[PDB]
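Data first, discussion second: the structure below is written as structure tokens.
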2 protein chains.
Amino acid sequence: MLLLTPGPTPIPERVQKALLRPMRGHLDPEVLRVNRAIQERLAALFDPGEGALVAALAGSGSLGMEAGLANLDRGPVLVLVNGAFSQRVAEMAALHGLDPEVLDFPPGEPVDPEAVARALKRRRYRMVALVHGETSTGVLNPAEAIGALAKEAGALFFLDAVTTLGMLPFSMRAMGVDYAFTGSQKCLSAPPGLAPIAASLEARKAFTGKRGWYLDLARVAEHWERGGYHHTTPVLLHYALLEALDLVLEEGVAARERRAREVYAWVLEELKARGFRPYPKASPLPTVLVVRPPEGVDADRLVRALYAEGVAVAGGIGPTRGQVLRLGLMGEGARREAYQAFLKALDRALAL
Amino acid sequence: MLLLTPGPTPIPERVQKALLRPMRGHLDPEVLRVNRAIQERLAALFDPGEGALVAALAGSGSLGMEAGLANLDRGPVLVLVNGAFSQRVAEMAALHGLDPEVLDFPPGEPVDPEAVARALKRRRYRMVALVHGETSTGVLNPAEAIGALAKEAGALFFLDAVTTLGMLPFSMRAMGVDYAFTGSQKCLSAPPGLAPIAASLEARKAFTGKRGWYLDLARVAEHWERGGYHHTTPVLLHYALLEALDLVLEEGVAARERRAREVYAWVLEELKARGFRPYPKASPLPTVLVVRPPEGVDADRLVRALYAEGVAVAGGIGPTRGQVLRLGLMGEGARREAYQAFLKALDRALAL
Ligand SMILES: *Cc1c(COP(=O)(O)O)cnc(C)c1O
Ligand SMILES: *Cc1c(COP(=O)(O)O)cnc(C)c1O
């Protein structure tokens with residue numbers, strides 16, 4: 001089964017093999033050494049600024065997402081929404097009593113900075129939340145521009161970097177980001193189960209809220225910065241993530257973005273040639289190709305047919321439910337050989 | 001590095017190799033079926049009763065612990081404290097505003113069911129929480145008897161089964177347990193990263209509290225029971241946990257309990273021969289041998305010396321921090337050969 005979902009992603013042999021290394025206690029000096037290395041690799045990708053907390057939470061990307069909200073002292077929080085995942089940020093913010101104010105944008109369209117600027121003049125916010133790449137719509141939001149607006153407004157800047165960190169240019173310092181996160185199984189192409197996160201010194205100063213034990217970033221810091229015991233970590237996944245992070249830096253984000261954009265263009269033309277139409281109206285996310293099926297072809301039925309042909313892709317989600325196919329172009333998903341197989345399988349499905 | 005820490009534990013090759021199987025999407029019908037197989041085997045060990053929620057949370061055992069508390073509609077909660085991990089329960093219960101009431105007992109001594117009964121006659125409790133095997137002190141608490149008292153008082157019974165599930169006779173049904181949990185790396189000898197849980201029908205009815213997104217057992221239910229989307233799961237760990245569960249049931253808990261007991265006895269004799277003294281004053285935990293070193297021998301230094309000798313064991317934690325050696329007899333730790341190597345290493349350590 002060829003894995004072309006927009007997360008999880010195919011895992012490099014070198015990475016999956018690291019899972020075979022001898023198991024060790026989570027406080028074993030070697031594991032601690034591995035952990036400091038992970039922080040170094042993550043710091044290079046995140047570019048969090050001095051005094052930041054860098055770690056890999058023991059859970060999925062969603063855990064990373066929730067940690068940056070549940071640890072916040074107070075709201076309100078301006079949540080910029082234009083997809084299923086930014087909608088999840090809003091749901092979490094509401095749950096933790098952070099008094100979120102949702103600013104909606106049409107699914108398939110990027111968040112407009114000018115609209116955000118107007119909203120930031122309406123009320124004072126403790127934090128502004130945005131999803132860099134909305135996986136549910138295949139839209140890339142203008143994170144840098146919004147970060148600048150957030151800094152001017154004196155608000156912390158929360159940014160979901162799942163579809164961008166490890167594949168497209170990214171810098172917390174440059175974009176004025178205070179909290180960034182991702183999952184191990186996205187652009188990093190590592191086994192799922194970990195959530196790399198980064199909190200700027202300013203975020204840490206504000207992260208005094210106590211609403212959860214497992215996601216308490218102060219407890220996480222004790223382990224990642226001082227080698228103390230928080231809870232047992234998924235050691236084998238740590239080995240794998242470090243291996244995956246090295247693969248990323250070895251290739252370079254610049255080259256990885258080119259590999260994604262290159263495949264994105266080719267596949268889109270092949271699909272348009274078969275009657276497919278892109279979903280994003282503007283600012284398409286290069287790491288996730290979202291397309292509407294040819295006339296008369298049901299999206300979900302096509303997803304099932306593809307599976308029968310040996311290929312796994314995602315159907316719509318949230319605002320795009322049952323209306324599209326979402327193809328992964330992050331990590332090992334962005335490969336010529338992989339999509340040539342996809343197209344062959346796709347044609348077999350369309351033939352029926 | 002021989003792993004004799006009371007969690008994590010040695011992973012048999014058959015189990016670790018399962019991590020090399022083809023990666024698949026978390027919603028792949030094949031993975032969904034592996035999850036069903038996991039629930040079936042967990043149910044065999046837990047014996048949760050019909051209508052129960054059985055799952056493996058994407059996180060360490062502590063996540064399983066918090067899930068059983070954060071979802072509770074209301075308190076008060078009678079928390080029976082006997083060591084580090086029951087203290088963690090108290091911590092989390094206070095964090096989520098469950099109006100916890102702590103009933104203490106000396107570390108090294110088991111919880112007194114007579115004192116529990118008296119406490120229950122004093123006030124109505126929504127839930128009674130206990131740790132089956134207190135890993136920090138190496139003491140086994142009378143869970144079955146405590147469960148009967150909870151059922152009498154009409155309180156839900158929360159039980160940490162980390163050091164017992166998968167190694168010692170266990171049944172929620174027979175022990176009147178409403179919420180039981182463990183971690184994948186304990187007695188099951190699987191890679192850390194998952195937290196098997198089981199919530200009885202009555203627990204689910206009371207689990208309407210909404211304090212966390214990631215640990216929302218309702219959201220977890222949609223995925224484990226109905227195959228819907230909650231968040232990406234650590235699919236590879238799922239493969240490994242299933243293999244681990246199969247291995248556990250092939251051997252049977254009776255044979256595993258026997259293995260642990262035999263080695264516990266002989267090891268303690270060997271240790272006393274060297275001047276060590278057992279920490280527990282009564283009701284020892286067959287799966288965790290906790291001992292104080294000979295006078296004049298620093299426990300933490302001894303742990304570091306053992307490590308240098310190629311053997312990993314745990315030092316104290318919570319009340320026993322720096323006062324003991326905690327030897328694992330959970331899963332693959334309960335092996336004659338493993339401890340014969342432990343002693344040879346211990347002697348090299350003691351000669352320094
Ligand atoms: C190990 C342990 C836990 C917690 O597990 P982590 O996997 O480290 O989160 C909880 N309770 C007991 C009794 C344990 O031994
Ligand atoms: C995948 C993803 C997440 C995290 O989801 P998990 O499935 O919990 O790992 C968050 N945001 C976006 C935009 C994502 O694509």
Side-chain angles (χ1 to χ4, degrees), chain A residues 5-9 25-27 57-66 83-89 130-137 139 141 159-164 181-187 192-195 213-214 229-234 285 287-288 314 317-318 326 328 330, chain B residues 5-9 26-27 57-66 82-88 130-138 141 159-165 181-187 192-195 213-214 223 229-234 285 287-288 314 317-318 326 328 330:
Chain A
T5 46
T9 50
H26 72 296
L27 299 182
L57 306 188
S60 68
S62 292
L63 182 63
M65 181 185 280
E66 186 169 22
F85 292 98
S86 45
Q87 281 177 172
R88 180 172 302 184
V89 172
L130 178 78
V131 172
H132 198 358
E134 181 50 61
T135 321
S136 67
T137 59
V139 174
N141 291 318
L159 183 64
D160 177 318
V162 168
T163 63
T164 61
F181 76 86
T182 182
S184 54
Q185 82 289 3
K186 303 298 170 64
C187 299
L194 289 173
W213 193 92
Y214 198 70
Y229 173 56
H230 175 194
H231 65 72
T232 307
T233 58
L285 180 59
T287 53
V288 187
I317 189 172
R326 298 188 297 123
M330 44 201 135
Chain B
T5 53
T9 56
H26 58 289
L27 296 187
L57 309 187
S60 74
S62 289
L63 177 58
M65 183 191 270
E66 183 169 33
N82 202 351
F85 298 101
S86 41
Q87 287 161 191
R88 181 171 298 171
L130 180 76
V131 168
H132 203 344
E134 179 52 58
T135 325
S136 66
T137 60
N141 289 311
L159 182 68
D160 174 322
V162 170
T163 64
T164 64
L165 188 74
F181 74 90
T182 184
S184 55
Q185 82 283 12
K186 300 300 181 113
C187 300
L194 294 176
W213 190 97
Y214 199 68
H223 180 56
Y229 180 54
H230 177 195
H231 70 67
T232 307
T233 59
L285 182 58
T287 54
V288 187
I317 187 178
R326 294 190 301 133
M330 293 159 293

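Chain naming here is simple, since letters A, B, ... match the order of the sequence lines and numbering starts at 1 in each. Worth knowing before you read on, the calculation uses all heavy atoms, side chains too, and leaves out hydrogens, waters and symmetry mates. One-based numbering, in listed order, for ligands and for the atoms of each.
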Exercise. At what distance, to the nearest 0.5 angstrom, does CG of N141(A) lie from OG of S86(A)?
Worked result: 7.5 Å
For this session: Return yes when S60(A) approaches ligand 2 closer than 4.0 angstrom through a heavy atom, no otherwise.
Result: yes
For this session: Below 4.0 angstrom from a heavy atom of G61(A), which ligand 2 atoms are there? Numbered from 1 as shown, please.
Result: 4 (C), 6 (P), 8 (O), 9 (O)
Problem set entry | Proximity winner for atom 4 (C) of ligand 2, if only heavy atoms of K186(A), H231(B), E134(A) are counted | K186(A)
Seminar exercise, completed: dist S62(B):OG -> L57(B):CG (nearest 0.5 Å) comes out at 11.5 Å
Problem set entry | Distance from atom 7 (O) of ligand 2 to nearest protein heavy atom, with residue and atom | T232(B) OG1, 2.5 Å
For this session: Ignoring angles and geometry beyond distance, decide whether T163(B) reaches within less than 3.5 Å of ligand 1 through its nitrogen or oxygen atoms.
Result: no
Problem set entry | Interatomic spacing from CG in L285(A) to OG1 in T137(A) - rounded to 0.5 Å | 8.0 Å
Problem set entry | Heavy atom of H132(B), distance to ligand 1 below 4.0 Å | no
For this session: Heavy-atom contacts with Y229(B) under 4.0 Å: which atoms of ligand 2 show up? List them by number with element.
Result: 5 (O), 7 (O)
Problem set entry | Inter-residue atom distance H132(B).NE2 - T164(B).OG1, 0.5 Å rounding | 4.0 Å
For this session: Please work out which of the three classes, parallel, tilted or perpendicular, describes the rings of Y229(B) and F85(A), given edges at 30° and 60°.
Result: perpendicular
Exercise. Ligand 2 versus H26(B), non-hydrogen atoms closer than 4.0 Å: side chain, backbone, both, neither?
Worked result: neither
Exercise. Would you say the side-chain atoms of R326(A) and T135(A) include a donor-acceptor pair closer than 3.5 Å?
Worked result: no
Problem set entry | atom 15 (O) of ligand 2 [closest protein heavy-atom partner, distance rounded to 0.1 Å] | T135(A) OG1, 2.6 Å
Exercise. Side chains of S60(A) and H231(B): donor-acceptor distance under 3.5 Å anywhere?
Worked result: yes
For this session: Specify the protein heavy atom at minimum distance from atom 5 (O) of ligand 2: its residue, its atom name, and the distance to 0.1 Å.
Result: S62(A) OG, 3.6 Å
Problem set entry | Heavy-atom closest contact (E134(A) atom, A84(A) atom, distance) | OE2-N, 3.3 Å
Exercise. In terms of residue, atom name and distance, what is the protein heavy atom nearest to atom 11 (N) of ligand 2?
Worked result: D160(A) OD2, 2.6 Å
For this session: May I ask whether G133(B) has any heavy atom positioned less than 4.0 angstrom from an atom of ligand 1?
Result: yes
